[PDB]
>>> print(open('entry08.pdb').read())   # PDB, C-alpha atoms and all ligand atoms
ATOM      1  CA  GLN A  51     -88.576  20.052 -46.461
ATOM      2  CA  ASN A  52     -91.297  22.065 -48.207
ATOM      3  CA  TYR A  53     -89.965  22.437 -51.730
ATOM      4  CA  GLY A  54     -91.958  24.227 -54.428
ATOM      5  CA  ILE A  55     -92.988  26.906 -51.885
ATOM      6  CA  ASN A  56     -91.446  30.051 -50.371
ATOM      7  CA  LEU A  57     -91.982  30.784 -46.669
ATOM      8  CA  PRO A  58     -91.006  33.668 -44.340
ATOM      9  CA  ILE A  59     -87.617  33.088 -42.719
ATOM     10  CA  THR A  60     -86.758  34.489 -39.279
ATOM     11  CA  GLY A  61     -83.730  34.863 -37.040
ATOM     12  CA  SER A  62     -82.112  37.237 -34.551
ATOM     13  CA  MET A  63     -79.110  39.522 -33.984
ATOM     14  CA  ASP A  64     -77.702  37.935 -30.782
ATOM     15  CA  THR A  65     -76.407  34.714 -32.374
ATOM     16  CA  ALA A  66     -72.634  34.492 -32.796
ATOM     17  CA  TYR A  67     -70.750  33.940 -36.040
ATOM     18  CA  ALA A  68     -70.147  30.223 -36.543
ATOM     19  CA  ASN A  69     -66.958  28.476 -37.657
ATOM     20  CA  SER A  70     -65.210  28.826 -41.024
ATOM     21  CA  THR A  71     -66.844  26.439 -43.510
ATOM     22  CA  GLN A  72     -63.675  26.776 -45.592
ATOM     23  CA  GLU A  73     -61.506  23.625 -45.398
ATOM     24  CA  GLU A  74     -64.822  21.680 -45.622
ATOM     25  CA  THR A  75     -66.486  23.262 -48.651
ATOM     26  CA  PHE A  76     -63.269  22.634 -50.611
ATOM     27  CA  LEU A  77     -63.475  18.955 -49.672
ATOM     28  CA  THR A  78     -67.207  18.469 -50.351
ATOM     29  CA  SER A  79     -67.175  20.609 -53.550
ATOM     30  CA  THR A  80     -65.491  20.662 -56.966
ATOM     31  CA  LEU A  81     -63.643  23.341 -58.946
ATOM     32  CA  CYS A  82     -63.576  23.443 -62.762
ATOM     33  CA  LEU A  83     -61.246  25.751 -64.690
ATOM     34  CA  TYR A  84     -61.790  26.712 -68.339
ATOM     35  CA  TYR A  85     -58.503  27.825 -69.946
ATOM     36  CA  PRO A  86     -57.719  28.569 -73.625
ATOM     37  CA  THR A  87     -55.561  26.368 -75.860
ATOM     38  CA  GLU A  88     -52.976  29.180 -76.061
ATOM     39  CA  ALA A  89     -52.086  28.532 -72.409
ATOM     40  CA  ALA A  90     -51.117  24.872 -72.810
ATOM     41  CA  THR A  91     -49.537  25.803 -76.156
ATOM     42  CA  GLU A  92     -47.193  28.372 -74.585
ATOM     43  CA  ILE A  93     -46.567  26.031 -71.632
ATOM     44  CA  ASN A  94     -45.612  22.879 -73.602
ATOM     45  CA  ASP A  95     -45.776  20.583 -70.563
ATOM     46  CA  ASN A  96     -47.728  17.360 -70.055
ATOM     47  CA  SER A  97     -47.827  17.338 -66.219
ATOM     48  CA  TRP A  98     -48.989  20.925 -65.610
ATOM     49  CA  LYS A  99     -52.419  19.628 -64.570
ATOM     50  CA  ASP A 100     -50.972  17.306 -61.922
ATOM     51  CA  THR A 101     -48.724  20.213 -60.902
ATOM     52  CA  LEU A 102     -51.621  22.622 -60.349
ATOM     53  CA  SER A 103     -53.479  19.814 -58.559
ATOM     54  CA  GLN A 104     -50.594  19.185 -56.147
ATOM     55  CA  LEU A 105     -50.525  22.966 -55.617
ATOM     56  CA  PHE A 106     -54.271  23.184 -54.890
ATOM     57  CA  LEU A 107     -53.660  20.326 -52.415
ATOM     58  CA  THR A 108     -51.763  22.840 -50.257
ATOM     59  CA  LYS A 109     -54.655  25.321 -50.327
ATOM     60  CA  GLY A 110     -57.000  22.488 -49.275
ATOM     61  CA  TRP A 111     -58.725  21.410 -52.487
ATOM     62  CA  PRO A 112     -58.014  17.633 -52.726
ATOM     63  CA  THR A 113     -56.548  15.919 -55.784
ATOM     64  CA  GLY A 114     -59.641  14.747 -57.659
ATOM     65  CA  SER A 115     -61.792  17.781 -56.822
ATOM     66  CA  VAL A 116     -60.089  19.972 -59.469
ATOM     67  CA  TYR A 117     -60.918  19.701 -63.171
ATOM     68  CA  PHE A 118     -59.459  21.432 -66.227
ATOM     69  CA  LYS A 119     -61.559  21.757 -69.394
ATOM     70  CA  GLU A 120     -59.923  23.207 -72.494
ATOM     71  CA  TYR A 121     -61.557  25.287 -75.213
ATOM     72  CA  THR A 122     -59.932  26.233 -78.514
ATOM     73  CA  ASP A 123     -61.557  29.667 -78.752
ATOM     74  CA  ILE A 124     -64.101  31.995 -77.165
ATOM     75  CA  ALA A 125     -66.640  31.394 -79.938
ATOM     76  CA  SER A 126     -66.295  27.599 -79.816
ATOM     77  CA  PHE A 127     -66.883  27.987 -76.065
ATOM     78  CA  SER A 128     -69.907  30.249 -76.636
ATOM     79  CA  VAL A 129     -71.304  27.417 -78.801
ATOM     80  CA  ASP A 130     -73.474  25.610 -76.207
ATOM     81  CA  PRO A 131     -71.473  26.221 -72.996
ATOM     82  CA  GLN A 132     -72.298  23.348 -70.625
ATOM     83  CA  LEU A 133     -70.988  24.378 -67.191
ATOM     84  CA  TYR A 134     -71.869  21.582 -64.741
ATOM     85  CA  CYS A 135     -69.711  21.887 -61.617
ATOM     86  CA  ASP A 136     -69.904  23.400 -58.126
ATOM     87  CA  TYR A 137     -67.400  26.238 -58.714
ATOM     88  CA  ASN A 138     -66.529  27.312 -62.276
ATOM     89  CA  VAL A 139     -63.707  29.644 -63.322
ATOM     90  CA  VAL A 140     -63.330  30.879 -66.907
ATOM     91  CA  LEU A 141     -60.119  32.547 -68.095
ATOM     92  CA  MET A 142     -60.975  34.810 -71.025
ATOM     93  CA  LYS A 143     -58.592  36.513 -73.437
ATOM     94  CA  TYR A 144     -59.298  40.033 -74.670
ATOM     95  CA  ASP A 145     -59.752  40.938 -78.332
ATOM     96  CA  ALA A 146     -61.244  44.297 -79.338
ATOM     97  CA  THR A 147     -62.914  42.633 -82.350
ATOM     98  CA  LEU A 148     -64.508  39.926 -80.140
ATOM     99  CA  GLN A 149     -65.770  42.345 -77.414
ATOM    100  CA  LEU A 150     -69.470  41.849 -78.176
ATOM    101  CA  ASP A 151     -69.172  38.057 -78.325
ATOM    102  CA  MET A 152     -67.157  37.821 -75.104
ATOM    103  CA  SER A 153     -69.737  40.094 -73.444
ATOM    104  CA  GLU A 154     -72.609  37.930 -74.697
ATOM    105  CA  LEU A 155     -70.761  34.915 -73.269
ATOM    106  CA  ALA A 156     -70.627  36.714 -69.913
ATOM    107  CA  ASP A 157     -74.313  37.705 -70.056
ATOM    108  CA  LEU A 158     -75.064  34.021 -70.828
ATOM    109  CA  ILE A 159     -72.968  32.236 -68.166
ATOM    110  CA  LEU A 160     -72.839  34.781 -65.296
ATOM    111  CA  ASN A 161     -76.666  34.771 -65.273
ATOM    112  CA  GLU A 162     -79.314  32.044 -65.123
ATOM    113  CA  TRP A 163     -81.674  32.076 -68.100
ATOM    114  CA  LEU A 164     -85.085  30.384 -68.222
ATOM    115  CA  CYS A 165     -85.244  29.324 -71.865
ATOM    116  CA  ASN A 166     -88.373  28.350 -73.805
ATOM    117  CA  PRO A 167     -88.151  27.135 -77.422
ATOM    118  CA  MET A 168     -89.159  28.963 -80.589
ATOM    119  CA  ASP A 169     -90.602  28.020 -83.989
ATOM    120  CA  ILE A 170     -90.334  30.675 -86.682
ATOM    121  CA  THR A 171     -92.289  28.987 -89.496
ATOM    122  CA  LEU A 172     -95.610  29.229 -87.591
ATOM    123  CA  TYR A 173     -95.694  32.153 -85.151
ATOM    124  CA  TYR A 174     -94.618  35.773 -84.863
ATOM    125  CA  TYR A 175     -93.064  36.650 -81.518
ATOM    126  CA  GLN A 176     -92.957  39.712 -79.280
ATOM    127  CA  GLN A 177     -91.117  40.597 -76.095
ATOM    128  CA  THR A 178     -93.012  41.341 -72.882
ATOM    129  CA  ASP A 179     -90.401  42.754 -70.467
ATOM    130  CA  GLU A 180     -86.856  44.095 -70.812
ATOM    131  CA  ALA A 181     -85.270  40.766 -69.735
ATOM    132  CA  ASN A 182     -87.089  38.519 -72.279
ATOM    133  CA  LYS A 183     -84.411  38.245 -74.977
ATOM    134  CA  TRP A 184     -83.676  35.819 -77.830
ATOM    135  CA  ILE A 185     -80.390  33.877 -77.639
ATOM    136  CA  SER A 186     -79.187  32.087 -80.784
ATOM    137  CA  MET A 187     -76.503  29.380 -80.712
ATOM    138  CA  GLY A 188     -74.887  27.471 -83.549
ATOM    139  CA  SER A 189     -72.011  27.499 -86.011
ATOM    140  CA  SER A 190     -73.163  30.400 -88.232
ATOM    141  CA  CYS A 191     -76.338  32.320 -87.334
ATOM    142  CA  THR A 192     -77.701  34.904 -89.793
ATOM    143  CA  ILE A 193     -80.698  36.527 -88.099
ATOM    144  CA  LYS A 194     -83.072  39.003 -89.747
ATOM    145  CA  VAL A 195     -86.132  40.659 -88.181
ATOM    146  CA  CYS A 196     -89.155  42.454 -89.649
ATOM    147  CA  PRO A 197     -91.348  44.260 -87.084
ATOM    148  CA  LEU A 198     -95.099  44.326 -87.679
ATOM    149  CA  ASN A 199     -97.778  46.938 -87.043
ATOM    150  CA  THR A 200    -101.133  46.557 -85.260
ATOM    151  CA  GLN A 201    -102.716  45.063 -88.419
ATOM    152  CA  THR A 202    -100.038  42.416 -89.171
ATOM    153  CA  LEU A 203     -98.054  44.282 -91.822
ATOM    154  CA  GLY A 204     -94.368  45.085 -91.927
ATOM    155  CA  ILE A 205     -92.574  48.315 -91.061
ATOM    156  CA  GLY A 206     -90.009  49.125 -93.739
ATOM    157  CA  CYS A 207     -90.131  45.447 -94.745
ATOM    158  CA  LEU A 208     -92.405  43.053 -96.631
ATOM    159  CA  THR A 209     -93.635  39.749 -95.203
ATOM    160  CA  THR A 210     -92.494  37.826 -98.364
ATOM    161  CA  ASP A 211     -89.236  39.445 -99.547
ATOM    162  CA  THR A 212     -86.771  38.297 -96.871
ATOM    163  CA  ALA A 213     -84.128  40.579 -98.441
ATOM    164  CA  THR A 214     -86.023  43.631 -97.134
ATOM    165  CA  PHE A 215     -85.797  42.366 -93.529
ATOM    166  CA  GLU A 216     -83.501  44.096 -91.031
ATOM    167  CA  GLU A 217     -80.244  42.321 -90.184
ATOM    168  CA  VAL A 218     -78.937  42.168 -86.598
ATOM    169  CA  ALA A 219     -76.510  39.228 -86.941
ATOM    170  CA  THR A 220     -74.296  37.943 -89.753
ATOM    171  CA  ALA A 221     -72.604  34.543 -89.303
ATOM    172  CA  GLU A 222     -72.221  34.694 -85.520
ATOM    173  CA  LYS A 223     -71.799  31.595 -83.375
ATOM    174  CA  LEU A 224     -73.584  33.210 -80.401
ATOM    175  CA  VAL A 225     -76.066  36.090 -80.514
ATOM    176  CA  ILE A 226     -78.249  37.740 -77.862
ATOM    177  CA  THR A 227     -80.981  39.905 -79.399
ATOM    178  CA  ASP A 228     -83.159  42.482 -77.661
ATOM    179  CA  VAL A 229     -85.815  44.291 -79.708
ATOM    180  CA  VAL A 230     -88.613  46.747 -78.999
ATOM    181  CA  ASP A 231     -90.886  45.233 -76.355
ATOM    182  CA  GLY A 232     -94.486  45.547 -77.555
ATOM    183  CA  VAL A 233     -94.221  44.706 -81.280
ATOM    184  CA  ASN A 234     -94.478  41.371 -83.075
ATOM    185  CA  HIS A 235     -91.458  40.377 -85.173
ATOM    186  CA  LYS A 236     -91.204  38.002 -88.117
ATOM    187  CA  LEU A 237     -87.851  36.226 -88.170
ATOM    188  CA  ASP A 238     -85.484  34.666 -90.677
ATOM    189  CA  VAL A 239     -82.834  32.348 -89.223
ATOM    190  CA  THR A 240     -80.544  29.540 -90.407
ATOM    191  CA  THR A 241     -82.503  26.881 -88.519
ATOM    192  CA  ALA A 242     -80.365  24.091 -90.007
ATOM    193  CA  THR A 243     -77.134  25.245 -88.302
ATOM    194  CA  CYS A 244     -78.560  27.436 -85.499
ATOM    195  CA  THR A 245     -81.104  27.105 -82.695
ATOM    196  CA  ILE A 246     -82.834  30.210 -81.308
ATOM    197  CA  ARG A 247     -84.461  30.202 -77.870
ATOM    198  CA  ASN A 248     -86.645  32.811 -76.172
ATOM    199  CA  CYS A 249     -85.142  33.226 -72.708
ATOM    200  CA  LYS A 250     -85.940  35.290 -69.623
ATOM    201  CA  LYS A 251     -83.029  36.502 -67.514
ATOM    202  CA  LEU A 252     -83.683  35.529 -63.902
ATOM    203  CA  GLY A 253     -81.425  36.389 -60.972
ATOM    204  CA  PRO A 254     -77.713  35.838 -61.475
ATOM    205  CA  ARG A 255     -75.672  32.650 -61.354
ATOM    206  CA  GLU A 256     -73.269  32.826 -58.403
ATOM    207  CA  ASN A 257     -71.483  29.644 -59.537
ATOM    208  CA  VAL A 258     -69.201  30.899 -62.346
ATOM    209  CA  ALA A 259     -66.396  33.460 -62.336
ATOM    210  CA  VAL A 260     -65.071  35.177 -65.467
ATOM    211  CA  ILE A 261     -61.469  36.420 -65.382
ATOM    212  CA  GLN A 262     -60.488  38.718 -68.233
ATOM    213  CA  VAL A 263     -56.787  38.232 -68.922
ATOM    214  CA  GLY A 264     -55.907  41.344 -70.952
ATOM    215  CA  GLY A 265     -57.538  44.670 -71.739
ATOM    216  CA  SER A 266     -59.613  47.104 -69.698
ATOM    217  CA  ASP A 267     -62.999  46.161 -68.277
ATOM    218  CA  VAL A 268     -65.604  46.435 -71.052
ATOM    219  CA  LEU A 269     -68.233  43.740 -70.329
ATOM    220  CA  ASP A 270     -71.725  45.303 -70.285
ATOM    221  CA  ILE A 271     -73.795  42.408 -68.921
ATOM    222  CA  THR A 272     -76.967  44.478 -68.570
ATOM    223  CA  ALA A 273     -78.316  45.073 -72.078
ATOM    224  CA  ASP A 274     -79.733  48.441 -70.992
ATOM    225  CA  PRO A 275     -77.288  51.340 -71.790
ATOM    226  CA  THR A 276     -77.516  52.953 -68.330
ATOM    227  CA  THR A 277     -75.973  50.569 -65.792
ATOM    228  CA  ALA A 278     -72.695  49.312 -67.321
ATOM    229  CA  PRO A 279     -71.993  47.503 -64.025
ATOM    230  CA  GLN A 280     -68.954  45.594 -62.781
ATOM    231  CA  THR A 281     -70.126  42.595 -60.771
ATOM    232  CA  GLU A 282     -68.070  41.019 -58.000
ATOM    233  CA  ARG A 283     -67.331  37.845 -60.001
ATOM    234  CA  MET A 284     -66.065  39.825 -63.012
ATOM    235  CA  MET A 285     -62.302  39.854 -62.581
ATOM    236  CA  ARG A 286     -59.457  41.441 -64.533
ATOM    237  CA  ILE A 287     -55.746  40.651 -64.816
ATOM    238  CA  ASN A 288     -52.841  41.958 -66.900
ATOM    239  CA  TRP A 289     -50.693  39.228 -68.428
ATOM    240  CA  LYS A 290     -47.496  38.516 -70.273
ATOM    241  CA  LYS A 291     -47.238  34.769 -69.474
ATOM    242  CA  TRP A 292     -49.671  32.060 -68.305
ATOM    243  CA  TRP A 293     -47.811  30.359 -65.447
ATOM    244  CA  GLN A 294     -48.028  33.628 -63.506
ATOM    245  CA  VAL A 295     -51.778  33.704 -64.174
ATOM    246  CA  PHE A 296     -52.311  30.141 -62.963
ATOM    247  CA  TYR A 297     -50.176  30.773 -59.874
ATOM    248  CA  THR A 298     -52.209  33.917 -59.162
ATOM    249  CA  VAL A 299     -55.479  31.971 -59.485
ATOM    250  CA  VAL A 300     -54.194  29.199 -57.212
ATOM    251  CA  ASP A 301     -52.830  31.595 -54.585
ATOM    252  CA  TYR A 302     -56.072  33.649 -54.561
ATOM    253  CA  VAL A 303     -58.547  30.802 -55.055
ATOM    254  CA  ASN A 304     -60.125  31.569 -51.667
ATOM    255  CA  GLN A 305     -61.104  35.131 -52.612
ATOM    256  CA  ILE A 306     -62.530  33.772 -55.889
ATOM    257  CA  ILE A 307     -64.672  31.192 -54.093
ATOM    258  CA  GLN A 308     -65.722  33.849 -51.567
ATOM    259  CA  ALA A 309     -66.894  35.975 -54.504
ATOM    260  CA  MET A 310     -68.773  32.893 -55.746
ATOM    261  CA  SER A 311     -71.621  31.127 -53.948
ATOM    262  CA  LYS A 312     -73.180  27.690 -54.546
ATOM    263  CA  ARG A 313     -76.261  27.899 -56.722
ATOM    264  CA  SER A 314     -79.909  28.113 -55.649
ATOM    265  CA  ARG A 315     -81.823  26.381 -58.454
TER     266      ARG A 315
ATOM    267  CA  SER B 438     -61.875  18.759-157.335
ATOM    268  CA  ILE B 439     -63.739  18.296-160.621
ATOM    269  CA  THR B 440     -62.576  15.206-162.544
ATOM    270  CA  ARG B 441     -61.865  15.825-166.257
ATOM    271  CA  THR B 442     -60.821  19.448-165.549
ATOM    272  CA  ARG B 443     -57.699  21.350-164.517
ATOM    273  CA  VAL B 444     -59.230  22.332-161.133
ATOM    274  CA  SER B 445     -57.391  20.057-158.675
ATOM    275  CA  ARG B 446     -56.470  20.425-154.986
ATOM    276  CA  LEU B 447     -58.442  23.629-154.474
ATOM    277  CA  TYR B 448     -59.320  24.409-150.849
ATOM    278  CA  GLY B 449     -62.826  25.627-150.083
ATOM    279  CA  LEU B 450     -66.482  24.727-149.738
ATOM    280  CA  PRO B 451     -68.231  24.463-153.146
ATOM    281  CA  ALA B 452     -71.823  25.707-153.169
ATOM    282  CA  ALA B 453     -73.129  22.960-155.490
ATOM    283  CA  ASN B 454     -74.347  20.559-152.764
ATOM    284  CA  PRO B 455     -73.204  21.977-149.406
ATOM    285  CA  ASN B 456     -75.589  19.899-147.277
ATOM    286  CA  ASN B 457     -74.160  16.610-148.644
ATOM    287  CA  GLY B 458     -77.248  14.554-147.845
ATOM    288  CA  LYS B 459     -77.451  15.442-144.143
ATOM    289  CA  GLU B 460     -80.799  16.502-142.710
ATOM    290  CA  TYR B 461     -79.130  19.248-140.655
ATOM    291  CA  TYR B 462     -75.827  20.321-139.120
ATOM    292  CA  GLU B 463     -76.028  20.595-135.323
ATOM    293  CA  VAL B 464     -73.867  22.303-132.690
ATOM    294  CA  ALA B 465     -74.425  22.055-128.920
ATOM    295  CA  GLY B 466     -73.253  24.210-126.049
ATOM    296  CA  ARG B 467     -74.168  26.692-123.335
ATOM    297  CA  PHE B 468     -74.302  30.474-123.218
ATOM    298  CA  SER B 469     -74.743  33.106-120.502
ATOM    299  CA  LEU B 470     -76.159  36.588-121.060
ATOM    300  CA  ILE B 471     -76.712  39.739-119.002
ATOM    301  CA  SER B 472     -79.933  41.731-119.288
ATOM    302  CA  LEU B 473     -81.727  44.687-117.684
ATOM    303  CA  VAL B 474     -85.008  42.769-117.204
ATOM    304  CA  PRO B 475     -87.859  44.456-115.258
ATOM    305  CA  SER B 476     -89.141  43.522-111.814
ATOM    306  CA  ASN B 477     -90.302  44.977-108.488
ATOM    307  CA  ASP B 478     -89.791  42.140-105.957
ATOM    308  CA  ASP B 479     -92.552  42.777-104.903
ATOM    309  CA  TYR B 480     -93.361  46.481-104.581
ATOM    310  CA  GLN B 481     -96.094  48.500-106.372
ATOM    311  CA  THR B 482     -98.684  45.926-105.211
ATOM    312  CA  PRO B 483    -101.656  47.018-103.039
ATOM    313  CA  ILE B 484    -100.801  47.676 -99.383
ATOM    314  CA  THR B 485    -102.983  44.651 -98.454
TER     315      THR B 485
HETATM  316  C1  LIG C 501     -65.425  26.935 -33.722
HETATM  317  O1  LIG C 501     -64.154  27.596 -33.806
HETATM  318  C2  LIG C 501     -63.417  27.588 -32.575
HETATM  319  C3  LIG C 501     -62.162  28.396 -32.812
HETATM  320  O2  LIG C 501     -61.335  27.796 -33.799
HETATM  321  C4  LIG C 501     -63.128  26.151 -32.150
HETATM  322  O3  LIG C 501     -62.453  26.158 -30.898
HETATM  323  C5  LIG C 501     -64.428  25.368 -32.040
HETATM  324  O4  LIG C 501     -64.149  24.000 -31.765
HETATM  325  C6  LIG C 501     -65.217  25.468 -33.341
HETATM  326  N1  LIG C 501     -66.488  24.773 -33.225
HETATM  327  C7  LIG C 501     -66.631  23.464 -33.460
HETATM  328  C8  LIG C 501     -68.016  22.915 -33.294
HETATM  329  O5  LIG C 501     -65.685  22.755 -33.790
HETATM  330 CA    CA C 502     -71.612  37.348 -80.843
HETATM  331 CA    CA C 503     -86.370  43.931 -74.641
HETATM  332 CA    CA C 504     -85.920  47.120 -94.872
END
>>> encode(input="entry08.pdb", output="structure tokens")
Amino acid sequence: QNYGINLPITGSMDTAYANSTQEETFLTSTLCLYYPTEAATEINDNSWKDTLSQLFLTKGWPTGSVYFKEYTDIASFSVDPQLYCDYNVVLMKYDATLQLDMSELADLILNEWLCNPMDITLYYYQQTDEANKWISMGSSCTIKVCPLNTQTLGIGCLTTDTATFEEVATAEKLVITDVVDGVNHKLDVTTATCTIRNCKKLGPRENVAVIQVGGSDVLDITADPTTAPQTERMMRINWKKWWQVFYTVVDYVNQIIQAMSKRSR
Amino acid sequence: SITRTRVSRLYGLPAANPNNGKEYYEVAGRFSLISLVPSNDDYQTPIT
């Protein structure tokens, strides 16, 4: 059990495919859904959770392995999302005005970020690679940046007059900022109501699954404007009600969990 | 009025002794004003 190390693995091509770990992973794992308040609002039923649980019970998932966790709105969810389960599903409504925020949410939860803190009053920060971004959470973040030159002086901005800084956010609950990698930036931030963290995007999180409910696929996880990929756990649906959506999820929960895979870290 | 004269119940401030013993008449309040004051904030200073 050599943890903290990475060793060469080996195998063969003559070994046969083993049994189906389904009907056991459901029992020794847990499934957490994240629905919006609009769903329960439209529904207007108190026993819909027990109903979906008794339905899951047919697919194999036992009674107390399923969890439902409401969220009033996509931004309130983006505010410190704490996903601690063994299989997470996230039903996400589409709004053309919220596109960037509901893509930042995806880039935050679908992936696994290694996040170090940040202190703006003392230091001036720079990015090193293309995956070392700055994610800001809080209730209203107003972020301004002033890049510096080789000799610690601004570029189109002054290091005293914060009004001359360059604005990238304006009262956003979640922000993910990428800047030019190789230049030191001086920052202004609403530290009182927002925390900023310098995070490196590691390999992806195979434990969550986003399901867009409405419009066409728009989520550009990769900040670089060349890939625009569609990952396997990035699902779309077209909706007019919510019971049909929940029945679809329950009937196709095995494909979802096949698209997902228990975490590594 | 002026006793011993026909000038009675006239309305107005007579300029004989307007102060009436008081050191000064005072009025308090606030007031806001717009101006075109100069500033740079903070340009035109040396580059360093
Ligand atoms: C593997 O699957 C086969 C076919 O269902 C079954 O007969 C066998 O018992 C399974 N292996 C074990 C160890 O149960
Ligand atoms: Ca946002
Ligand atoms: Ca970058
Ligand atoms: Ca400027």
>>> closest_residue(input="entry08.pdb", among="A:225, A:197, A:274, A:109", to="residue 181 in chain A", atoms="all atoms listed in the file")
A:274
>>> interface_residues(input="entry08.pdb", of="chain B", to="chain A", cutoff="10 Å", atoms="all atoms listed in the file", output="number ranges by chain")
B: 478-480, 484-485
>>> closest_residue(input="entry08.pdb", among="A:249, A:285, A:260, A:77", to="ligand CA 503 (chain C)", atoms="only C-alpha atoms and all ligand atoms")
A:249
>>> residues_around(input="entry08.pdb", residues="range 236-243 of chain A", least_positions_apart="4", cutoff="12 Å", atoms="all atoms listed in the file", output="PyMOL selection string")
chain A and resi 129+168-176+184-199+202-205+207-225+227+229+247
>>> write_last_selection(input="entry08.pdb", atoms="C-alpha atoms", output="mmCIF file, in the coordinates of the input")
data_model
loop_
_atom_site.group_PDB
_atom_site.id
_atom_site.type_symbol
_atom_site.label_atom_id
_atom_site.label_comp_id
_atom_site.auth_asym_id
_atom_site.auth_seq_id
_atom_site.Cartn_x
_atom_site.Cartn_y
_atom_site.Cartn_z
ATOM 1 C CA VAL A 129 -71.304 27.417 -78.801
ATOM 2 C CA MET A 168 -89.159 28.963 -80.589
ATOM 3 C CA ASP A 169 -90.602 28.020 -83.989
ATOM 4 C CA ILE A 170 -90.334 30.675 -86.682
ATOM 5 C CA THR A 171 -92.289 28.987 -89.496
ATOM 6 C CA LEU A 172 -95.610 29.229 -87.591
ATOM 7 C CA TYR A 173 -95.694 32.153 -85.151
ATOM 8 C CA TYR A 174 -94.618 35.773 -84.863
ATOM 9 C CA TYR A 175 -93.064 36.650 -81.518
ATOM 10 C CA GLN A 176 -92.957 39.712 -79.280
ATOM 11 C CA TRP A 184 -83.676 35.819 -77.830
ATOM 12 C CA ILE A 185 -80.390 33.877 -77.639
ATOM 13 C CA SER A 186 -79.187 32.087 -80.784
ATOM 14 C CA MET A 187 -76.503 29.380 -80.712
ATOM 15 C CA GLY A 188 -74.887 27.471 -83.549
ATOM 16 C CA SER A 189 -72.011 27.499 -86.011
ATOM 17 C CA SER A 190 -73.163 30.400 -88.232
ATOM 18 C CA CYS A 191 -76.338 32.320 -87.334
ATOM 19 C CA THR A 192 -77.701 34.904 -89.793
ATOM 20 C CA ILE A 193 -80.698 36.527 -88.099
ATOM 21 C CA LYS A 194 -83.072 39.003 -89.747
ATOM 22 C CA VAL A 195 -86.132 40.659 -88.181
ATOM 23 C CA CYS A 196 -89.155 42.454 -89.649
ATOM 24 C CA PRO A 197 -91.348 44.260 -87.084
ATOM 25 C CA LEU A 198 -95.099 44.326 -87.679
ATOM 26 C CA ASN A 199 -97.778 46.938 -87.043
ATOM 27 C CA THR A 202 -100.038 42.416 -89.171
ATOM 28 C CA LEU A 203 -98.054 44.282 -91.822
ATOM 29 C CA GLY A 204 -94.368 45.085 -91.927
ATOM 30 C CA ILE A 205 -92.574 48.315 -91.061
ATOM 31 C CA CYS A 207 -90.131 45.447 -94.745
ATOM 32 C CA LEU A 208 -92.405 43.053 -96.631
ATOM 33 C CA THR A 209 -93.635 39.749 -95.203
ATOM 34 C CA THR A 210 -92.494 37.826 -98.364
ATOM 35 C CA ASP A 211 -89.236 39.445 -99.547
ATOM 36 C CA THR A 212 -86.771 38.297 -96.871
ATOM 37 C CA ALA A 213 -84.128 40.579 -98.441
ATOM 38 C CA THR A 214 -86.023 43.631 -97.134
ATOM 39 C CA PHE A 215 -85.797 42.366 -93.529
ATOM 40 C CA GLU A 216 -83.501 44.096 -91.031
ATOM 41 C CA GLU A 217 -80.244 42.321 -90.184
ATOM 42 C CA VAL A 218 -78.937 42.168 -86.598
ATOM 43 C CA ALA A 219 -76.510 39.228 -86.941
ATOM 44 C CA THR A 220 -74.296 37.943 -89.753
ATOM 45 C CA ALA A 221 -72.604 34.543 -89.303
ATOM 46 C CA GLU A 222 -72.221 34.694 -85.520
ATOM 47 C CA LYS A 223 -71.799 31.595 -83.375
ATOM 48 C CA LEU A 224 -73.584 33.210 -80.401
ATOM 49 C CA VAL A 225 -76.066 36.090 -80.514
ATOM 50 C CA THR A 227 -80.981 39.905 -79.399
ATOM 51 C CA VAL A 229 -85.815 44.291 -79.708
ATOM 52 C CA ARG A 247 -84.461 30.202 -77.870
#
>>> residues_around(input="entry08.pdb", residues="range 301-310 of chain A", least_positions_apart="5", cutoff="8 Å", atoms="only C-alpha atoms", output="PyMOL selection string")
chain A and resi 109+137+256-259+282-283
>>> atom_distance(input="entry08.pdb", atom1="CA of residue 122 in chain A", atom2="CA of residue 152 in chain A")
14.1 Å
>>> residues_around(input="entry08.pdb", residues="residue 448 in chain B", least_positions_apart="3", cutoff="10 Å", atoms="only C-alpha atoms", output="list in words")
residues 438, 445 and 451 of chain B
>>> write_last_selection(input="entry08.pdb", atoms="C-alpha atoms", output="compact mmCIF listing (two decimals), in the coordinates of the input")
# COMPACT_ATOMS: atom_id res chain seq x y z
CA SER B 438 -61.88 18.76 -157.34
CA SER B 445 -57.39 20.06 -158.68
CA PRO B 451 -68.23 24.46 -153.15
>>> residues_near_ligand(input="entry08.pdb", ligand="ligand CA 503 (chain C)", cutoff="12 Å", atoms="only C-alpha atoms and all ligand atoms", output="list in words")
residues 176, 177, 178, 179, 180, 181, 182, 183, 184, 226, 227, 228, 229, 230, 231, 232, 233, 234, 248, 249, 250, 251, 272, 273 and 274 of chain A
>>> resolve_selection(input="entry08.pdb", expression="the PyMOL selection byres (((chain A and resi 123) around 12) and not hetatm)", output="ChimeraX atom specification")
/A:84-89,120-122,124-129,131,141-145,148,151-152,155,223
>>> atom_distance(input="entry08.pdb", atom1="CA of residue 70 in chain A", atom2="CA of residue 117 in chain A")
24.3 Å
>>> axis_aligned_box(input="entry08.pdb", around="range 102-108 of chain A", padding_each_side="5 Å", output="lines of an AutoDock Vina configuration file")
center_x = -52.4
center_y = 21.2
center_z = -55.3
size_x = 13.7
size_y = 14.0
size_z = 20.1
>>> atom_distance(input="entry08.pdb", atom1="CA of residue 74 in chain A", atom2="CA of residue 299 in chain A")
19.6 Å
>>> closest_atom_pairs(input="entry08.pdb", of="chain A", to="ligand LIG 501 (chain C)", cutoff="12 Å", atoms="all atoms listed in the file", output="CSV")
residue,atom,partner,partner_atom,distance
A:66,CA,C:LIG501,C1,10.5
A:67,CA,C:LIG501,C1,9.1
A:68,CA,C:LIG501,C1,6.4
A:69,CA,C:LIG501,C1,4.5
A:70,CA,C:LIG501,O1,7.4
A:71,CA,C:LIG501,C1,9.9
A:72,CA,C:LIG501,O1,11.8
A:74,CA,C:LIG501,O5,11.9
